[PDB]
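A.B. asks: No sequence on hand, only this structure:
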Ligand SMILES: *[C@@H]1O[C@H](CO)[C@@H](O)[C@H](O)[C@H]1NC(C)=O
């Protein structure tokens, strides 16, 4: 019943692929909510103009 | 209702609110205040941090 979110930001200079390095992810937030999640989506900010 | 100032007990309005809880079904989030004491140092004591 706990939703855990961990996050990390890292500057990158490589063009496309993931970098060859190591970096841990410190905890960001914990939420005490009980939902039996099975699937998820994503949100896009398209330029409506 | 027939609420009137001249009415005695048993007829005057009374404000009543009932409070209800749950019993160990979801992660608890409404709990009583937690007490605290003064912090001592350099003395053999017991602690509840
Ligand atoms: C998981 O799914 C079942 C399906 O009935 C449901 O009863 C249960 O509450 C769900 N768990 C959580 C944490 O929502």
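C.D. replies: Received, thanks. Numbering: from 1, shown residues only, chains lettered A, B, ... in the order given.
A.B. asks: tell me which parts of chain B are close to chain A?
C.D. replies: B:26, B:27, B:29 (CB under 8 Å from any CB of the partner chain). For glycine as for every other residue, the C-beta is placed from the backbone atoms N, C-alpha and C.
A.B. asks: Now the first one. Nearest residue, chain neighbours left out?
C.D. replies: In other words, residue B:26. In this structure, residue B:26 finds its nearest non-sequential neighbour in residue A:34, 5.6 Å apart by CB to CB, 6 or more residues apart in numbering or on different chains.
A.B. asks: The one you found reaches residue B:25, doesn't it?
C.D. replies: No. Taking CB atoms under 8 Å as the definition, residue A:34 is not a contact partner of residue B:25, at 9.2 Å.
A.B. asks: quick one, which of those two is more surrounded?
C.D. replies: residue A:34 (10 against 7; other CB atoms under 10 Å in any protein chain shown).
A.B. asks: quick one, what contacts that one?
C.D. replies: A:1, B:26, B:27 (CB atoms under 8 Å, 6 or more residues apart in numbering or on different chains).
A.B. asks: Check whether it sits in a helix, strand or coil.
C.D. replies: coil (DSSP: H, G, I helix; E, B strand; the rest coil).
A.B. asks: so where do the strands sit in chain A?
C.D. replies: A:3-6, A:27-31 (DSSP state E).
A.B. asks: From residue B:1, how far off is residue A:4?
C.D. replies: Remark: distance between residue A:4 and residue B:1 (CB to CB, to the nearest Å) = 53 Å.
A.B. asks: what's the closest of the contacts of residue A:34 to the ligand?
C.D. replies: Nearest to the ligand among the contacts of residue A:34 is residue A:1, at 5.6 Å by CB to the nearest ligand atom.
A.B. asks: list the contacts for the closest one?
C.D. replies: Neighbouring residues of residue A:1 by CB under 8 Å, 6+ apart: A:32, A:33, A:34, B:26, B:27.
A.B. asks: ok, back up a step: among the residues of chain B next to chain A, which ones lie close to the ligand?
C.D. replies: Restricting these to those within reach of the ligand (CB under 6 Å from any ligand atom) leaves nothing.
A.B. asks: what's the residue of chain A found nearest chain B sitting at in phi/psi?
C.D. replies: At 4.6 Å from chain B, residue A:32 is the closest residue in chain A, using CB to the nearest CB. The phi/psi pair for residue A:32 (degrees, to the nearest 10) reads phi -90, psi 70.
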